Number of protein chains: 2
Amino acid sequence: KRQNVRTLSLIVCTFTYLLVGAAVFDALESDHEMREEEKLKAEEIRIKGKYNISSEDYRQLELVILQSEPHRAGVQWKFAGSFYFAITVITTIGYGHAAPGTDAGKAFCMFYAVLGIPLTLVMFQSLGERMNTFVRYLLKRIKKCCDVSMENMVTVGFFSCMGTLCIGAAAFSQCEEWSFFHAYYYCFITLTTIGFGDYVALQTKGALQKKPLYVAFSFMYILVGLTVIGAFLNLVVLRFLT
Amino acid sequence: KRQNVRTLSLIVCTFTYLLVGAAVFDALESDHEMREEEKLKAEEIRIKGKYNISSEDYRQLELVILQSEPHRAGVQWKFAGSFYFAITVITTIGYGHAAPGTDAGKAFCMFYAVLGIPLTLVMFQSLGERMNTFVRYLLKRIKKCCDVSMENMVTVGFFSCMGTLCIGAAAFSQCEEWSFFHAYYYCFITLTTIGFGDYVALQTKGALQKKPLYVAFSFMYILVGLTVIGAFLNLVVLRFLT
Ligand SMILES: CC(C)CCC[C@@H](C)[C@H]1CC[C@H]2[C@@H]3CC=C4C[C@@H](OC(=O)CCC(=O)O)CC[C@]4(C)[C@H]3CC[C@]12C
Ligand SMILES: CC(C)CCC[C@@H](C)[C@H]1CC[C@H]2[C@@H]3CC=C4C[C@@H](OC(=O)CCC(=O)O)CC[C@]4(C)[C@H]3CC[C@]12C
Ligand SMILES: CC(C)CCC[C@@H](C)[C@H]1CC[C@H]2[C@@H]3CC=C4C[C@@H](OC(=O)CCC(=O)O)CC[C@]4(C)[C@H]3CC[C@]12C
Ligand SMILES: CC(C)CCC[C@@H](C)[C@H]1CC[C@H]2[C@@H]3CC=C4C[C@@H](OC(=O)CCC(=O)O)CC[C@]4(C)[C@H]3CC[C@]12C
Ligand SMILES: CC(C)CCC[C@@H](C)[C@H]1CC[C@H]2[C@@H]3CC=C4C[C@@H](OC(=O)CCC(=O)O)CC[C@]4(C)[C@H]3CC[C@]12C
Ligand SMILES: CC(C)CCC[C@@H](C)[C@H]1CC[C@H]2[C@@H]3CC=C4C[C@@H](OC(=O)CCC(=O)O)CC[C@]4(C)[C@H]3CC[C@]12C
Ligand SMILES: [K+]
Ligand SMILES: [K+]
Ligand SMILES: [K+]
Ligand SMILES: [K+]
Ligand SMILES: [K+]
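Residues numbered from 1 in each chain as written, not as in the entry; some residues may be left out. Chains lettered and ligands numbered in written order. Heavy atoms only, no water.

Structure determination for this entry, per the PDB record, employed cryo-EM and reached 3.41 Å resolution.

Within the PDB entry, the label attached to chain A reads Potassium channel subfamily K member 9, and the organism entered is Homo sapiens. This entry appears in the Protein Data Bank under the title "Human TWIK-related acid-sensitive potassium channel TASK3 at pH 6.0, 200 mM KCl". Quoted verbatim from the Sequence similarities heading of the UniProt record, the comment on chain A is "Belongs to the two pore domain potassium channel (TC 1.A.1.8) family." (UniProt positions renumbered as here; feature names shortened; annotations may be inferred.)

Shown next as structure tokens:
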């Protein structure tokens, strides 16, 4: 019946989209990955030959460097670091810069996520609804000064999202030595709750302990962007959900 | 008015929860992080003293090791690797094992996420609704063989979630050299779309190219668990949402 027809039609489209994306990603990244692997292998071979590093100690050095990578940015388990980790956990971002090393800590993190995800989702939904109402009121007032259609609301939301993305990209590029495109990409990744972790803010020269204003601004920007995205999402998707 | 009262009451509870979580995480991880940092610093100092490694070349070695970490697991941009990356992107997991290195690739990934997230969400919601209806029908048939309350449905969903988590943990522990607790934690992280990236499957001895059955089973388990979690989320969260 329809329900099954729609359920099976969605699956086929999703599978086709996944296949197309995988094919494009392979065709675009195979040569680059091969070249990077060749260059890295040549460099490491040259370094090993020059320094006569033993093969057994190479694995130990790799493990030490990998384990000490988060520690090179300072102390990541202070009050600011713990707050950042909790914010990433509740928002399902998963940056991966710092992870618990204790089984009890892992269990506590799991319980924290379980007890916090629905509350954060409900709060974000309420904030998005309130922002949508405020935006509608502002648009009505502006039109009176100068009825509202959906398309106008959709365009206003898209423009607001683009402006927020541009502002965040400029702010993060002018305070962390990042390119405009790289900052925009990082902001988009952060606001979509994906969290690749390739670019992580508040990880340079101990900014988590010496720049409280920057941390506060980053938290405010993250919350504002999440609220903005939660309105565009529920005003284009929730209509077809139920 | 109530609306603002509820909106402001949610915020206070969320902030208190964040503060409590940050305090607990700090009090639980400060000493462990300090000990790990001290041990790593001592080990690296001893290694540098023994091998007489120059300071300038140490940064180059660290950069080479960091850039070559994904490549140590094989080829991550093949058909299987591209499919895995696309699956992680559309599901907003963000493992971070492989990331694009080209600006055009990053733009394509951003467009892919934008065009794929709503479709995946709608498909997951439909699958969860269908599974919920099937579970209700099965429960009614079982009760007839031996009306349904909401508490019974919640208990059945929780039991199904626990069973799926246990099965996935056992399967991933018996095929990737992992402990039961670590496998359970990794499965929980994967199913919540957090994606810390500390534990990533299909990254050992080139399993992405030599074990197609394992990759297919992992994909099926991920999809099933995502549907199961989405169903429970629909039961608990949507009733209080609208
Ligand atoms: C196993 C997992 C999925 C459990 C998830 C727990 C939720 C069912 C709880 C956790 C936080 C709760 C919320 C915390 C705070 C509030 C504000 C509260 O508002 C008021 O008390 C003032 C307004 C009014 O009088 O309704 C209404 C319930 C609500 C949304 C709660 C609804 C139920 C929530 C989402
Ligand atoms: C209404 C729209 C179009 C504009 C919104 C105003 C922005 C232009 C302002 C509002 C908040 C500002 C930010 C608030 C806090 C900071 C931290 C501040 O950092 C420091 O002062 C310490 C580090 C340093 O020395 O750079 C640098 C500027 C910045 C990013 C500000 C940049 C300019 C921002 C984004
Ligand atoms: C209704 C909305 C607008 C409430 C917004 C609340 C903010 C004003 C608060 C909430 C969380 C706070 C942050 C939580 C944690 C920290 C780390 C804290 O760092 C330390 O305590 C160590 C470094 C130092 O000694 O300054 C500095 C303040 C800061 C950035 C706080 C700044 C003020 C913030 C952003
Ligand atoms: C900028 C971003 C937010 C754009 C998001 C795009 C969505 C508005 C699109 C993308 C995929 C679309 C879905 C793709 C497939 C289908 C199945 C389709 O079902 C059928 O064609 C059979 C049943 C029927 O006849 O209705 C109904 C619409 C729907 C849910 C579409 C609804 C609109 C969706 C969610
Ligand atoms: C109804 C519930 C209670 C049980 C569901 C059945 C499971 C016990 C089965 C169903 C799918 C099975 C998996 C399907 C595929 C594989 C890949 C398979 O890998 C290989 O054959 C190649 C690698 C190797 O040589 O180990 C190892 C077993 C495993 C994980 C299977 C383990 C047992 C599973 C989870
Ligand atoms: C309605 C539902 C049940 C549909 C389920 C579809 C699956 C049966 C398909 C969809 C995606 C497929 C996978 C997509 C990609 C790959 C990588 C592919 O690897 C290669 O082509 C290189 C290695 C080799 O030569 O085997 C092996 C098959 C596999 C695991 C496929 C196995 C079969 C899968 C899981
Ligand atoms: K992530
Ligand atoms: K990550
Ligand atoms: K990582
Ligand atoms: K997510
Ligand atoms: K994520």
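(A) Expanded view of the coordination of the potassium ion (ligand 11). The potassium ion (ligand 11) binds to the protein through A:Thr92 (O), A:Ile93 (O), A:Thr193 (O), A:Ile194 (O), B:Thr92 (O), B:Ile93 (O), B:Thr193 (O) and B:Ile194 (O); the donor distances cover 2.8 to 3.1 Å. Separating the potassium ion (ligand 11) from the potassium ion (ligand 7) is a gap of 3.5 Å, which A:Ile93 spans by donating to each of them. A residue pair is termed interchain when its members come from two chains, as with A:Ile194 in the loop between α6 (180–191) and α7 (207–210) and B:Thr92 in the loop between α3 (79–90) and α4 (103–145). As far as burial versus exposure is concerned, A:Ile194 and B:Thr92 are alike and both buried. (Donors = N, O, S within 2.8 Å, 3.2 Å for Na, K, Ca; no water. Helix = DSSP H or I, 4+ residues; strand = E, 2+ residues; numbered from the N terminus. Buried < 20%, exposed > 50% of the residue type's maximum accessible area, 1.4 Å probe, protein only.)

(B) Region of interest: the packing of helix α1 (residues 2–51) of chain A against helix α2 (residues 55–68) of chain B. Where α1(A) meets α2(B), the closest approach of the two axes is 10 Å, and the angle between their N-to-C directions is 140°. Accordingly, the angle class assigned to the pair α1(A) and α2(B) is oblique. When you trace α1(A) past α2(B), the crossing you get is left-handed. Across from A:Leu40, A:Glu43, A:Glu44, A:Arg46, A:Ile47, A:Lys50 and A:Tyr51 in α1(A), the residues of α2(B) making contact are B:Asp57, B:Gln60, B:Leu61, B:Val64, B:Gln67 and B:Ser68. Residue composition of the contact of α1(A) with α2(B), by class: five nonpolar, three polar and five charged. (Axes fitted to C-alpha atoms, helices over the stretch in contact; angles between N-to-C directions. Parallel < 35°, antiparallel > 145°, perpendicular 65-115°, else oblique. Left-handed = near helix turned anticlockwise from the far one by under 90°. Contact = heavy atoms within 4.5 Å. Nonpolar A, V, L, I, M, F, W, Y, C, P; charged D, E, K, R; others polar.)

(C) Here's a closer look at the relation of the copies chain A and chain B. Once turned by 180° and shifted 0.0 Å along the axis, chain A lies on chain B with an RMSD of 0.1 Å. Those values place the two copies in the arrangement expected of a two-fold rotation axis. A shared binding surface is used by both copies, with 100% of the interface residues of chain A retained as interface residues in chain B. (Least-squares fit on C-alpha atoms.)

(D) Representation of a nonpolar patch on the surface within the structure. Among the surface-exposed residues, A:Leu238, A:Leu241, B:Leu238 and B:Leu241 lie close enough to one another that they form a single nonpolar patch of about 260 Å² accessible area. Secondary structure elements with two or more residues in the nonpolar patch: α9 (238–241) of chain A together with α8 (212–241) of chain B. Mapped onto the fold, A:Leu241 is located in helix α9. On the accessibility criterion, A:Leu241 (34% relative accessible area) is partly exposed. (Patch = residues over 30% accessible without salt bridge, like charges linked within 9 Å, V, L, I, M, F, W, Y side chains within 5 Å. Areas by Shrake-Rupley, 256 points an atom, 1.4 Å probe, with all protein chains shown as cover. Salt bridge = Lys/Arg side-chain N within 4 Å of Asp/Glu carboxyl O.)

(E) Quick peek at the UniProt feature "transmembrane region" in chain A. All names here are of chain A. Summarizing the sequence annotation, UniProt attributes the feature "transmembrane region" to residues 8–28, 107–127, 153–173 and 213–233 in the numbering used throughout. Span residues 8–28 is 100% helix and 0% strand, its end C-alpha atoms 30 Å apart. For residues 153–173, the end-to-end C-alpha separation is 30 Å, with 100% helix and 0% strand making up the annotated structure.

(F) Region of the structure containing the site of ligand 1. Within the structure, ligand 1 sits among A:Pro118, A:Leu119, B:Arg6, B:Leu10, B:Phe232, B:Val236 and B:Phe240. Considered on its own, ligand 1 offers 750 Å² of accessible surface; in the complex 53% of this is hidden by protein. Breaking the shell around ligand 1 down by element, the ones donating at least two residues are α4 (103–145) of chain A together with α1 (2–51) and α8 of chain B. Per-element tally for the shell around ligand 1: the top contributor is α8(B), with three residues. (Near = heavy atom within 4 Å.)

(G) Representation of the interface of chain A and chain B within the structure. Each partner contributes residues to the interface: chain A has 105 residues there, and chain B has 105 residues. Carbon and sulfur atoms supply 73% of the area that chain A and chain B bury against each other, a total of about 10000 Å² over both sides. Taken together, chain A and chain B are joined by two salt bridges. The shortest N-O distance in the salt bridge between B:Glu44 and A:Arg72 comes to 3.6 Å. Our enumeration of links across chain A and chain B arrives at 14 residue pairs in polar contact. The set of elements that each furnish at least two residues to the side of chain A that touches chain B consists of α1, α2 (55–68), α3 (79–90), α4, α6 and α9 of chain A. The greatest single-element share of the side of chain A that touches chain B, amounting to 29 residues, is contributed by α1(A). Residue composition of the side of chain A that touches chain B, by class: 56 nonpolar, 29 polar and 20 charged. (Buried area = accessible area lost by both parts, 1.4 Å probe. Polar contact = N/O pair within 3.5 Å; in protein donor to acceptor, adjacent residues only side chain to side chain.)

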